[PDB]
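Engineer: Be aware that the sequence shown starts at 1, since it is given in the authors' numbering, and climbs by one per residue.
One structure, as structure tokens, below. Some questions next.
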Amino acid sequence: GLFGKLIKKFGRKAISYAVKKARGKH
């Protein structure tokens, strides 16, 4: 899937930020 590539490109920074946000909004 394209998502896999996108994610590759980020280096799971999207996931990291998602988790960070969802364990620390502000």
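Here a beta-carbon is modelled for each residue, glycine too, at the ideal position from N, C-alpha and C.
Could you spell out where the alpha helix (DSSP H) holding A14 opens and where it closes?
Structural biologist: By one-based count along the sequence shown, residue 14 stands at place 14. From DSSP, the alpha helix (DSSP H) with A14 extends over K13 to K21.
Engineer: Hey, quick one: how far does the alpha helix (DSSP H) through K9 stretch, first residue to last?
Structural biologist: Here residue 9 corresponds to residue number 9 of the sequence shown, with the count starting at 1. In the DSSP assignment, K9 falls within the alpha helix (DSSP H) that extends over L2 to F10.
Engineer: Taking the C-alpha atoms as reference points, what is the distance between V19 and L2?
Structural biologist: Here residue 19 refers to the residue found at position 19 of the sequence shown. Here residue 2 refers to the residue found at position 2 of the sequence shown. When rounded, the distance between both Cα atoms is 21 Å.
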